[PDB]
Each structure stands twice: as C-alpha cells, then as structure tokens.
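The lines below spell out each chain.
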Amino acid sequence: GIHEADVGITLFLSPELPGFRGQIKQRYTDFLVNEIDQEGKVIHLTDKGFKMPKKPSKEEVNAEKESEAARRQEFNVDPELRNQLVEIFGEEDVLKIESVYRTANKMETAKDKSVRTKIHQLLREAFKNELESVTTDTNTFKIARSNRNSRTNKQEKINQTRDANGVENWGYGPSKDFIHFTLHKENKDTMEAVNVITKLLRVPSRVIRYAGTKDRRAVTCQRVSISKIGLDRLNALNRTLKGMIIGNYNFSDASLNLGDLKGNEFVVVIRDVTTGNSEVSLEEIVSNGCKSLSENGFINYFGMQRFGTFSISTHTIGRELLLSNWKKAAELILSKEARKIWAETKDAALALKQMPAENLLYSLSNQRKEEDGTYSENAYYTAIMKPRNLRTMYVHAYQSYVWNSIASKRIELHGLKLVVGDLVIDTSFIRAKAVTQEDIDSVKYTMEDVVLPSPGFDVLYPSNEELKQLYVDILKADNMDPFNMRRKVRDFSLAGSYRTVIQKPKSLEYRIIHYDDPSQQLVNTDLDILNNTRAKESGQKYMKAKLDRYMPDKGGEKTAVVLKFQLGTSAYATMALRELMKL
C-alpha cells in the first residue's frame, strides 16, 4: 500500500487552518459531475428526448403535394442544354421528357459506347433531377421521371418526419452530419456509456465522440456528438437504456473532440463528518477552509489515479524504463499465484501457465535462459517492448512523481508569493516565458498563472537558479539530467508538458446539513429534478424538495458537508478536497 507522501504529495497551501475527517462517494448521488461547455454554461439534462407520434396530417400531405407541382412547372431547362437535347432526340421527345418531369409519366423514345453516356450527362445536369433507365430494349433510353413520383429527390421524402408546425425532424431542425445530445449516466464510465449507445444502434464506435470522461462512481452530465444516425432511432434508446438517459438533442455540422469543454461543476456530499479539533466550530472550520480554497487555492498535485493500484508504485517502474534498466523494470512489474512461481523458480513458461503486462512472460517463455539461468539484458528489452499504452503510462508516472515532488518544494521555498525567474504562459504549441522583476510589480501575473514543466527534452525549465537546481538535484538522485532528457525509444520521455502549480475552484459554495441513515440521499440528480418538474404538468410532484438540487435539513446525529464548485480540466477533484479536509 503506497501513501500520498510516496508519490510527491507532501504539502498543503494553508496548513495553519483546521480540517475535518469525512467520507466521499458513499452513494452515487453524493458525487455529481456536470460538464462545463466551451462557452462556460454547465450541462444539465432538461428533457428525456421527445415522444414519437404513431401516425406518420392529410392537409400536410396535400400542402407539399401541391407545393411540389408549383416548382415542377415553374422550373425551365437552360435554353442552351434544351436546343442541344432536341438535336439528339427531337423537339417531340424533348416535349415528352419535359412532360414526365412535370407529371408522373414515362417517355418512349426512338433513336454508340462513345456517346452512350454523353446523353446521360446532358440529362442529369440540364434537368438537375435524375433519369430512370440506362439504354434498355434495343439502343433507346426509355427514361421516365427521377426516383420519386410525388416528391423531388426521394432523399427529400424526409417529409415523413414532420412536426405539427410542419418542421422537418419532429420539431428539431433540418438533418445535419452530427446529432449533439446530453448524456446523464449513473455508475458507468463515459467510454462504457457511449459504446452501449453505438452497440444498440449497430454502428462502429467511431461515430460517437465526447469532450471528456466523467467519474464512474457518480451521476454525471456531459455533451456527446454522433454521426450516421437519425433522431428517431437515437431517441428510441431511452426506452431500453438501463442506468443512463439521453436528452437535449441539437443537430450541428461540428462533431465533439477531446478538449471541447472548459472544466466541470461538482456537488460533493461529504458524509459522517467529525472535526477532532474541539476548540473551533465546524461551520467555522469549513467557512475558513473554503475561504482559503477560493482565495489561496490548492496545489494542483496529480492524484493517486496517475500511480495505479496501491502495490508496486508505477513511478518506481517508470524510473527503471527511463534509465534503460530493463531486467529491474520487468522484475518490478512481476513483484496472484504466477508471481509466487516466478520468485520461487525463474521459468517464464512455468509462470505463464497460471493465468487462464505480466503476459513479459509470453516473450520470456520463448527465447533462451542462457547459462546461470539468467535471461539476457537484450532478452528483457525484447520482452519489455512487448503495449505502448502501459509502457508510456509508466514513464508518465515518473514525470508526475518528479512534478508533484518539485511543486511541493516550489511552495515550501517561497510559497504563494511569486518569485522572479518563475514560468507563466501568455495568450498569443504552448510556449512558456520567464517572469521579470518588472512584471511582478506590474502584478500582471499572480500565483495561479505560475506553471512548472514535466521533466522532458522540449521544455524550458525555470530561469530562477534555486528552482532550476531542484530539477537537476531531484533527477540526479535517480541518475538523470533534466537537460539531457531525450531517450532512444518511445520512452522519448515526452516533450514534458507545462502544468499550473496551484488551482482555485470557481463558484465554491458549502452547506452543512444533518441526516440519519447513510442510505437516504441529501442531493437530487438532474433526472430527479426533471421528472418531478415534468410532472408539474401531470400534477403528482414527489415533493417540493426534489425540484431544488439540495434536500432540506431534517436534523439528526450525523453531519454532512455538501459543497459545490467548478475545476479546470487539469485538476484532480481529490486534490481539491484534500486541501479543505487535510487527508
């Protein structure tokens, strides 16, 4: 079991202030994550799609039936392409052709590979509408009207999807390349939820796209685009969908992409709250704690999520891969029954036969154990190089490890005071810039502007030598040089991204409410609020309680701190709650 201290997380921004013990994500409705779109609006589910009419009017049909007649007769062929078409067939057939375009009739005709399809051009293009037949009986083109009898294109019998006001897609716009929608899910991964949608629609996974992944052990809302599908079927999913509801349809030419969001709005119910500190109130603790969150912020540490299952920490493996110590890297990755065999024997083939990354062992099950029963360094390399998904993930754990470590020292040394020769970004790749003693006095940049880089080959380190000295020192300890950070493999060390040192949550609002059972919910989902509002028409409202986000304070022994806030895309919600609570 690896601790916070064992991954660079050592410090707090305001350790003077008392914290409080608590438990988060007890129920799924104790963690709301609502996406914030590119503009700054929070995404909420405000409907469960639309209701399908069973009858696909009679005055609608004869309106667009008479509307078609109008344009057919009003439309005239280009005189240049007409008197040409006369030469081919004759002034009588051109009139038979013009007549089928207007009406629902077939023209007879009466007559060479070279100009067999030169006629098929001057028909399609001149009349715009299409022709029925290629050369049929003998060498004559028996061509009636385009596909449809009653409409233009056939592609333009979309008219079967008409609204009361006569709107093309059940009140939604004209069709477009992408349908954007809102995805309300409970205890499902973003990837899981969207890939359910595609599976049910019999479509490849690549049609559906999202801006960012939301917490699973939570109820979350986000926007999702999807192509090669029509509303009618997408809308029909809500009938068969398990722990997720789809709504708020909008057609658009754009698809969604990773990064099409500003951040996320969280509502966190902290349950079973105890203060310990018996000198100051809870209301006092929280109030000052949140004031510090909003004023000062928290250290934008990488959470545990980027160091994996509390065992052989991924960063210590990452270190070995970067140092090109292949045997050591593998031995660490190998440290249920299979790992007992490997430590007891050393036979890869024996160890393989134990599971119905470790599957290293397949690679080492081939090759040859040399003498000494020692696998060759060059054999371990070959074995390491067998997925880049995990391989990179390891080296990334080392970067994040070094970062957290440094970001701690940056605060430890100076703190929230902005020192000269620090690093910021200017709104003009993402290029850094060393801060002058001047622009400190200009108070142009504040602490929340300050960034540090991930150790890498394509990344400027702090100008300030006593900060530059951390990188060399911290890495020297693990036998690496921050300036000679390029490597020979896909372990290229990355360029090394820039990352803000602190993060201040936005619209931070706390609220203390006392309860009895862990079972009962103190926060309503968007779906809860919808169904009880949508049934203000119906009349049978569960309670006024479930129109508001928060349930009212009933009273009890137990104390919950439910608090709401927005974070950047870079920030771990855990690392925000940590600063408040001191856990």
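Residues numbered from 1 in each chain as written, not as in the entry; some residues may be left out. Heavy atoms only, no water.

X-ray crystallography is the method the PDB entry lists for this structure, together with a resolution of 3.2000 Å.

The PDB entry lists the chain under the name Multisubstrate pseudouridine synthase 7, with Saccharomyces cerevisiae as the source organism. Its official PDB title, as written in the record, is "Structure of yeast pseudouridine synthase 7 (PUS7)". Per UniProt, the comment on the chain under Sequence similarities is "Belongs to the pseudouridine synthase TruD family." (UniProt positions renumbered as here; feature names shortened; annotations may be inferred.)

A. Fine view of the overall build of the chain. A tally of regular secondary structure across the chain gives 18 helices and 16 strands. Relative to the compact-globule value of 25 Å for 583 residues, the chain shows a C-alpha radius of gyration of 33 Å, a clear excess of over 25%. Relative to its full complement of 583 residues, the chain shows a buried share of 46%. Summed over its atoms, the accessible surface of the chain is roughly 31400 Å², and 49% of this surface lies on carbon and sulfur atoms. (Helix = DSSP H or I, 4+ residues; strand = E, 2+ residues; numbered from the N terminus. Rg over C-alpha atoms; globule rule 2.2 N^0.38 Å. Buried < 20%, exposed > 50% of the residue type's maximum accessible area, 1.4 Å probe, protein only. Areas by Shrake-Rupley, 256 points an atom, 1.4 Å probe, with all protein chains shown as cover.)

B. Expanded view of the environment of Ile-430. As for its placement among the helices and strands, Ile-430 is situated in the loop between strand 10 (423-425) and strand 11 (432-434). Beyond its immediate stretch of four places on either side in the chain, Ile-430 contacts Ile-425 and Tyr-498. (Contact = heavy atoms within 4.5 Å.)

C. Seen up close, the domain arrangement of the chain. Domain annotation for the chain reports domain 1 (5-29 + 263-300 + 503-581), domain 2 (41-55 + 164-252), domain 3 (58-161) and domain 4 (390-500). With centres defined by C-alpha atoms, the gap from domain 1 to domain 2 works out at 29 Å. Summing the contributions of domain 1 and of domain 2, the shared interface buries around 1400 Å²; its carbon and sulfur component is 54%. When residues of domain 1 are sorted by the area they lose upon contact with domain 2, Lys-25, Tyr-28 and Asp-526 head the list and together hold 45% of the total. For the pair domain 1 and domain 2, the number of links is 1 salt bridge. (Domains from an automatic or database assignment. Buried area = accessible area lost by both parts, 1.4 Å probe. Salt bridge = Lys/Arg side-chain N within 4 Å of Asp/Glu carboxyl O.)

D. Summary view of the nonpolar core. With 88 residues, the main nonpolar core has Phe-20, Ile-270, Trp-342 and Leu-563 as its most contacted residues. Ranked by residues supplied to this core, first place goes to helix 14 (residues 388-413) with 10 residues. Here this core gathers at least three residues from each of two domains, domain 1 (5-29 + 263-300 + 503-581) and domain 4 (390-500). Those residues within four positions of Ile-270 in sequence are excluded, and the remaining contacts are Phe-20, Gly-22, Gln-23, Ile-24, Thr-559, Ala-560, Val-561, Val-562, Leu-563, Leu-577 and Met-581. (Core = buried A, V, L, I, M, F, W, Y, C linked by side-chain atoms within 4.5 Å.)

E. Fine view of the pairing of strand 6 (residues 223-227). Among the 5 residues in strand 6, 5 count as buried, and that is most of the element. In strand 6, alternate side chains face the same way, and those of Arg-223, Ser-225 and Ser-227 on one face and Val-224 and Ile-226 on the other are all buried. As defined by bridge partners, strand 3 (residues 178-186) adjoins strand 6 across 5 bridges and the pair is classed as antiparallel. Within strand 6, the position partnered with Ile-179 by the bridge is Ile-226. Pairing between strand 4 (residues 208-210) and strand 6: 3 bridges, direction antiparallel. Counted as the bridge partner of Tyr-210 is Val-224 from strand 6. (Pairing = 2+ DSSP bridges.)

F. Molecular detail of the packing of aromatic side chains. Under the definition given, this model contains 17 aromatic pairs. When the centroid spacing of 6.2 Å and the interplanar angle of 90° are considered together, the rings of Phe-50 and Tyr-249 count as edge-to-face. Accessibility expressed as a relative area gives 4% for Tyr-249, which makes it buried. Geometry around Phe-31 places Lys-25 over its ring, the cationic atom sitting 4.1 Å from the centre. (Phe/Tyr/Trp six-rings, centres within 6.5 Å; stacked < 30°, edge-to-face > 60°. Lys NZ or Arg CZ within 6 Å of the ring centre and 35° of its normal.)

G. Up close: the side chain of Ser-227. When you line up the elements, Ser-227 lands in strand 6. You can call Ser-227 buried: its relative accessible area is 8%.

H. The arrangement of the pairing of strand 3 in detail. Counting buried positions along strand 3 gives 8 out of 9 residues, so the element sits mostly inside the fold. In this sheet, strand 7 (residues 244-252) lies alongside strand 3 in antiparallel orientation, the contact comprising 7 bridges. Counted as the bridge partner of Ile-179 is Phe-251 from strand 7. In terms of strand pairing, strand 3 meets strand 5 (residues 219-221) through 2 bridges, oriented antiparallel. Considered in strand 5, the bridge of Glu-186 is made with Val-219.

I. Just empty space enclosed by the protein, in detail. Roughly 140 Å³ of volume is contained in the largest cavity. If you go around the largest cavity, you meet 13 residues; those closest to its centre are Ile-97, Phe-127, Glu-130, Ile-143 and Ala-144. Considered class by class, the residues forming the lining of the largest cavity number 8 nonpolar, 2 polar and 3 charged. If you tally residues by element for the lining of the second largest cavity, the top one is helix 14, at 4 residues. By residue class, the composition of the lining of the second largest cavity is 7 nonpolar, 3 polar and no charged. (1 Å grid on protein atoms, 1.4 Å probe; cavity = no way out; pocket = protein on both sides within 12 Å on 5 of 7 lines; lining within 4 Å. Points joined across faces, edges and corners; volume = space filled by probe spheres on them. Nonpolar A, V, L, I, M, F, W, Y, C, P; charged D, E, K, R; others polar.)

J. Main features of the layout of surface pockets. Computed from the structure, the largest pocket encloses a volume of approximately 1600 Å³. Around the largest pocket, the lining is made up of 42 residues, and of these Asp-215, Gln-305, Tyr-572, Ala-573 and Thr-574 lie nearest the centre. Looking at the lining of the largest pocket element by element, the count peaks at 6 residues for helix 18 (residues 573-581). In terms of residue class, the lining of the largest pocket is built from 19 nonpolar, 13 polar and 10 charged.

K. Just the UniProt feature "active site" in the chain, in detail. The UniProt feature table records "active site" at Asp-215. Setting aside residues no more than four positions away along its own chain, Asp-215 makes contact with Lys-25, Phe-31, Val-33, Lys-185, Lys-188, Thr-220 and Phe-266. Side-chain polar atoms of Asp-215 contact the side chain of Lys-25, separated by 2.9 Å. (Polar contact = N/O pair within 3.5 Å; in protein donor to acceptor, adjacent residues only side chain to side chain.)

L. Expanded view of the environment of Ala-338. Its location among the elements puts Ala-338 in helix 10 (residues 338-344). Overall, the relative accessible area of 4% leaves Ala-338 in the buried class. Remark: the alpha-carbon pair of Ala-338 and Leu-352, spanning 14 residues in sequence, is separated by 7.0 Å. The residues contacting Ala-338, other than those within four sequence positions of it, are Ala-351, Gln-354, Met-355 and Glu-358.

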